[PDB]
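Just so you know, the sequences run in chain order P, H and L.
In the entry's author numbering, each residue's number is its place in the first sequence (first place is 1) plus 1.
Take the second sequence: its letters are residues 1 to 52, 52A, 53 to 82, 82A to 82C, 83 to 100, 100A to 100H, 101 to 214, numbered as in the entry's author numbering.
Take the third sequence: its letters are residues 1 to 94, 96 to 213, numbered as in the entry's author numbering.
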Amino acid sequence: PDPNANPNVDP
Amino acid sequence: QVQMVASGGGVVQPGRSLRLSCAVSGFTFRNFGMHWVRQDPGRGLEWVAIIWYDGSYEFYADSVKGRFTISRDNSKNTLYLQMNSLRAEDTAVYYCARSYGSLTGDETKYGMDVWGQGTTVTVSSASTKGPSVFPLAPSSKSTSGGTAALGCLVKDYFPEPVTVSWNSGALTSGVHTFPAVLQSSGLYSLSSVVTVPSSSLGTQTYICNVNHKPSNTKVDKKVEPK
Amino acid sequence: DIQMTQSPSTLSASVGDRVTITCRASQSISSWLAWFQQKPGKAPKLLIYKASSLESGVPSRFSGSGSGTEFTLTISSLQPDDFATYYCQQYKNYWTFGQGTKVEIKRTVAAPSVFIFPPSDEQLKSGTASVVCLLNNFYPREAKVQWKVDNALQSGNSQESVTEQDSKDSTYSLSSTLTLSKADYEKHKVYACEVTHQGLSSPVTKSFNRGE
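Okay, structure coming up:
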């Protein structure tokens, strides 16, 4: 992944 | 209230190791990516590492690649940074920072929002040394009008901090304790000064109380006028 | 690496003024720019995300604009709680920060009080000599301290240290320490400290002769 992509959970 | 605190910092010699930890509160730790960011002596901020929410991906800055490892315990809600082969350039305050807390997916790029309290890391080949406290005596070359100036030079100590009081804390008005500067020897030097009435230089006593706890060095130095 | 640059590095302002800080990027970062506020001893705080979006609870006296390579933070009316260092950060390719812009409190010009201290006899018995020149309570921060030893301009043997702006009177204080060996200290007679500040009519010189 791009390091600046979403690093958080998908609810 | 989203809040974080980093800890684990200390003073190590080049090539040694250090583990930093970060405690959180007020948010679900396992739901957000976490950053490590540091701030060098020149107040410059530089990113160190990021870890995904589930620990599936980790990215590192080129300066720390191969020597640092970022990890997380999503059950104890803790962020870790294990460092080995430390360099003098790694001397900084290390903060933990949460990635921007959006759980929508609408954006394509993500930064940081909440930063925790930092922990100080000092990497230096110098060894622990107590300070030499020399009096900066008042005289005519230090008396402008009715205001005279006196102080104490606190020289050749490592590491920081040194604490300086005056008259065991009884003298606080007009006291300037300057920031420590790093000498070429790898040791620090510092001066603390105070302005007093010149008419009280033969009637009052002035002692500078230096305490360097890393070396168990408490020093009281009377400053007599020339 | 996308390089971030801020201007100015220091900004003198008063309460109630309209303050503007600029951030430039070596490459187009679209609108992925963030403004952080950091007060001394504390961690940075996020004020503006996505170039223009204010965070919850941020006062509406803060505003941000720009896209591509030029961005701007504007404080419409500087309040006492706004005197701090402000950093910009791009988050397009990794995360890189600007060097910071320090917003300081402007006050009237205050000329420094120059004091000089010859090295103590105790330090000389240890083989080193330190002469300290003290500039107490002055504004603005810019001052020049030149060391002269027997009419010779010194270079590379002095270290300066400046305090933060004082919380009561908003002044700065400065110490310049000349460090020499005891042998080199005993080869010269006159040691002078020349101070140039915009609050002084003419530069001030505090001199002492070794053994006086």
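Every residue, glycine too, gets a C-beta built ideally from N, C-alpha and C.
Taking C-beta to C-beta, are residue 100H (chain H) and residue 93 (chain H) nearer than 8 Å? Indexing the second sequence from 1 puts residue 100H (chain H) at position 112. Indexing the second sequence from 1 puts residue 93 (chain H) at position 97. A contact, by the Cβ cut-off of 8 Å.
Who are the Cβ neighbours of residue 96 (chain H) in its own chain at under 7 Å, not counting the five residues just before and after it? Position 100 of the second sequence, counted from the first residue, corresponds to residue 96 (chain H). Excluding sequence neighbours, residue 96 (chain H) sits near 100F, 100G, 100H and 101.
When the distance is taken between beta carbons, is residue 163 (chain L) closer than 8 Å to residue 194 (chain L)? If you number the third sequence from 1, residue 194 (chain L) lands on position 193. If you number the third sequence from 1, residue 163 (chain L) lands on position 162. Result no, Cβ atoms of residue 194 (chain L) and residue 163 (chain L) do not sit closer than 8 Å.
Confirm, please, whether the CB-CB distance from residue 187 (chain H) to residue 134 (chain H) is below 8 Å. Along the second sequence, one-based indexing puts residue 134 (chain H) at 146. Along the second sequence, one-based indexing puts residue 187 (chain H) at 199. Taking 8 Å as the Cβ cut-off, residue 134 (chain H) and residue 187 (chain H) qualify as a contacting pair.
Here's the rule I'm using: 16 or more other beta-carbon atoms within 10 Å means buried, otherwise exposed. How should residue 191 (chain L) be labelled? Here residue 191 (chain L) corresponds to residue number 190 of the third sequence, with the count starting at 1. By the Cβ neighbour-count rule, residue 191 (chain L) is exposed, with fewer than 16 other Cβ atoms within 10 Å of its own.
Cβ of residue 105 (chain H) within 8 Å of Cβ of residue 43 (chain L)? Within the second sequence, the letter at position 117 stands for residue 105 (chain H). Within the third sequence, the letter at position 43 stands for residue 43 (chain L). The answer is yes: Cβ separation under 8 Å.
Contained beta strand (DSSP E) runs [length at least 3] in the region 140-194 of chain H, N- to C-terminal order: 151-154, 163-165 and 176-185
Check each candidate in L:83, L:183 and L:178 and name the one with the smallest Cα separation from residue 17 (chain L). Residue 17 (chain L) sits at position 17 when you count from the first residue of the third sequence. The candidate whose alpha carbon is nearest that of residue 17 (chain L) is L:83.
Terminal residues of the beta strand (DSSP E) in which residue 145 (chain L) lies: Sequence index remark: in the third sequence, residue 145 (chain L) carries index 144 (1-based). It spans 145-150 - the beta strand (DSSP E) in which residue 145 (chain L) sits, taken as one unbroken run.
Same chain, Cβ closer than 7 Å to residue 111 (chain L), five either side skipped, listed in chain order: In the third sequence, residue 111 (chain L) corresponds to position 110, counting from 1. Hits under 7 Å: 138, 139, 140, 172 and 200.
Limits of the unbroken beta strand (DSSP E) element including residue 125 (chain L): Residue 125 (chain L) sits at position 124 when you count from the first residue of the third sequence. Element bounds for residue 125 (chain L): not the beta strand (DSSP E) but the alpha helix (DSSP H), 122-125.
Taking 8 Å as the threshold (beta carbon to beta carbon), is residue 99 (chain H) in contact with chain P? Working through the second sequence from its first residue, we reach residue 99 (chain H) at position 103. Interface residue, yes.
Excluding the 5 residues flanking residue 209 (chain L) on each side, which residues of the same chain have their C-beta closer than 7 Å to its C-beta? Within the third sequence, residue 209 (chain L) is the residue found at index 208, counting from 1. Cβ within range, chain order: 117, 119 and 192.
Below 6 Å CB to CB, which residues in the same chain sit around residue 80 (chain H) once its five sequence neighbours on both sides are set aside? Here residue 80 (chain H) is taken as the residue at index 81 of the second sequence, counted from 1. Result list for residue 80 (chain H): 20, 36 and 69, in chain order.
For residue 97 (chain L) versus residue 2 (chain L), is the C-beta distance shorter than 8 Å? Reading the third sequence from its first residue, position 96 is the one you call residue 97 (chain L). Reading the third sequence from its first residue, position 2 is the one you call residue 2 (chain L). Yes, the pair counts as a contact, with Cβ atoms nearer than the cut-off.
Given residue 32 (chain H) as reference, the closest of H:100, H:60 and H:47 once Cα atoms are compared: What you label residue 32 (chain H) is simply residue 32 of the second sequence in a count that begins at 1. Check the Cα spacing between residue 32 (chain H) and each of H:100, H:60 and H:47: the tightest is with H:100.
Taking C-beta pairs closer than 9 Å, name the residues in chain P that residue 50 (chain L) reaches, listed in chain order. Translated into the one-based positions of the third sequence, residue 50 (chain L) becomes position 50. Here the premise fails: no neighbours, minimum Cβ distance about 13 Å.
Using DSSP with H/G/I as helix, E/B as strand and the rest coil, what is residue 206 (chain H)? Counted from its first residue, the second sequence places residue 206 (chain H) at position 218. Note: residue 206 (chain H) maps to strand in three-state DSSP.
Can you pull out the residues from the region 134-161 of chain H whose beta carbon lies closer than 9 Å to at least one beta carbon of chain L? 135, 136, 137, 138, 139, 141, 143 and 144
Runs of beta strand (DSSP E) lying entirely within the region 26-51 of chain H, each at least 3 residues, in chain order: 34-39 and 45-51
Check the Cβ of residue 166 (chain H) against every Cβ in chain L and list those closer than 7 Å, keeping chain order. Your numbering for residue 166 (chain H) matches position 178 in the second sequence. Here the neighbours are 162, 164 and 176.
Against chain P, with Cβ distances strictly below 8 Å, would residue 58 (chain H) count as a contact? Working through the second sequence from its first residue, we reach residue 58 (chain H) at position 59. Residue 58 (chain H) counts as touching chain P.
Could you tell me the distance, in whole angstroms, from the CA atom of residue 38 (chain L) to the CA atom of residue 144 (chain H)? As a working mapping, residue 38 (chain L) is identified with position 38 in the third sequence. As a working mapping, residue 144 (chain H) is identified with position 156 in the second sequence. Separation of residue 38 (chain L) and residue 144 (chain H) (C-alpha to C-alpha, rounded to the nearest whole angstrom) is 31 Å.
Any beta-carbon of chain L closer than 8 Å to the one on residue 101 (chain H)? Taking the first residue of the second sequence as position 1, residue 101 (chain H) is located at position 113. It does: the Cβ of residue 101 (chain H) has a partner Cβ on chain L nearer than 8 Å.
Three-way DSSP call (helix, strand, coil) for residue 185 (chain L) in this model: On the third sequence, residue 185 (chain L) is found 184 positions in, with the first residue counted as 1. Of the three classes helix, strand and coil, the one that applies to residue 185 (chain L) here is helix, per DSSP.
Under the three-state DSSP convention, the category residue 17 (chain L) falls into: Walking along the third sequence from the start, residue 17 (chain L) turns up at place 17. In this structure, residue 17 (chain L) counts as coil in the three-state DSSP scheme.
Rounded Cβ spacing between residue 107 (chain H) and residue 8 (chain H) (contact assumed at less than 8 Å): Looking up residue 107 (chain H) in the second sequence gives position 119. Looking up residue 8 (chain H) in the second sequence gives position 8. Residue 8 (chain H) and residue 107 (chain H) do touch by the CB rule: their CB atoms are close to 6 Å apart, below 8 Å.
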